[PDB]
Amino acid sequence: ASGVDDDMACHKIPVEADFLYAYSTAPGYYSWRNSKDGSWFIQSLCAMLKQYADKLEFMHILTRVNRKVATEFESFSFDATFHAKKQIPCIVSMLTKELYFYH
């Protein structure tokens, strides 16, 4: 097969390629932080990195972070409007390869 948009002689990659955005919350949502212990997302991210950075690929580590935040945390507020709320981190990957912090 042949076409007008593939197999260029000069190899190029998108200027937006190889970026990874690890968002603490879903698009359009508030993000929660415990005034004493820190944000749910960063707390969880550090915990998962400390436990799995030498064992799992980065996306899988972030998936564990997603699960930790989603299941273990629920807001507490004297304002009923902000009480008992949940949060799900959001992994946005434009990476082109697997990423392991070890080799």
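In this text, residue numbers run from 1 along the sequence as written.
Segment of higher mean CA temperature factor, 79 to 87 or 16 to 24: Comparing 79 to 87 with 16 to 24, the higher mean C-alpha B-factor belongs to 79 to 87.
Looking only at CA atoms, which has the higher mean B factor in the entry: 94 to 102 or 4 to 12? Taking the mean B-factor of the alpha carbons in each, 4 to 12 is higher.
Tell me, please, which of 44, 31, 35, 63 has the highest C-alpha B factor according to the deposited entry? That would be 35, according to the entry.
So where's residue 69 on the chain's Cα temperature factor ranking, which third? Lowest third.
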